[PDB]
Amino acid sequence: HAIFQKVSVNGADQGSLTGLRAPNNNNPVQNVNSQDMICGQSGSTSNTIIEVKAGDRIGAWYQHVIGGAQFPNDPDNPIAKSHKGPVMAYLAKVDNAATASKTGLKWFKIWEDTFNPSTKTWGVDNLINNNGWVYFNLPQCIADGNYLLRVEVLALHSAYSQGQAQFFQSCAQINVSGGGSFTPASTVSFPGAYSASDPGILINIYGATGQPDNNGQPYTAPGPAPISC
């Protein structure tokens, strides 16, 4: 249970919920065919469009609730340690990131932090150690203009049952300057890109000793592979 609620651009804090379409509650989305998969549950919307340069170091901040820890010494801030899973970031080109409908967009993945089998480290593990932040560079080649920036935590602690994987998503409204001429060869739909039966969604991550180490096996994140310039 956590909410993507803040963006940083090359270390510059943009402010809580500034430029975000984020849910009001930290409850997970579990139906991969729901419209809630696009930007999380409908909650707060911002009029701000975050100005970014292609290649910038983007930070995405998860916290247990809106504003940080739910209470002093909250053990589930930024997110419960049991919630092992990947973190993924997608882009969708839109004309107007402040007014565009989240429905029917053409998404492509730009980054993911999934699972390292030799270190037994999940993307969520890195999120926790970075105090809720996940860091990734916008591709140098993406074209100028407005995008929705979709960041997604997929918690797999009870994903061994159908439809029980937990998704925590929000969208950031951005405008890219100094970009290139990249257009994705292929795009995916949200909802639609994920299926409940995907090997990275319907999965038992627990090993011999009951640890969430995926039995040291490689993990296949759902959706397309990250694009390359």
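Residue positions are given as counts along the sequence shown, with the first one as 1.
Between 58 to 66 and 42 to 50 (mean CA B-factor, as deposited), the higher: Taking the mean B-factor of the alpha carbons in each, 42 to 50 is higher.
Higher-scoring stretch by recorded Cα B factor average, 69 to 77 or 106 to 114: Mean CA B-factor is higher for 69 to 77.
Deposited CA B-factor, highest of 166, 170, 35, 173: It is 35.
Position of residue 205 among the chain's modelled residues by C-alpha B-factor, lowest, middle or highest third: Tercile = lowest for this residue's CA B-factor.
Entry-reported Cα temperature factor of residue 199, expressed as the chain third it lands in: Lowest third, going by the recorded CA B-factors of the chain.
Record-listed C-alpha B factor of residue 156: chain third: It belongs to the middle third of the chain when residues are ordered by C-alpha B-factor.
Third of chain Cα B-factors occupied by residue 14: Ranked within chain, residue 14 CA B lands in the lowest tercile.
Within-chain third of residue 141 by Cα B-factor, per the entry: Residue 141: CA B-factor falls in the highest third of its chain.
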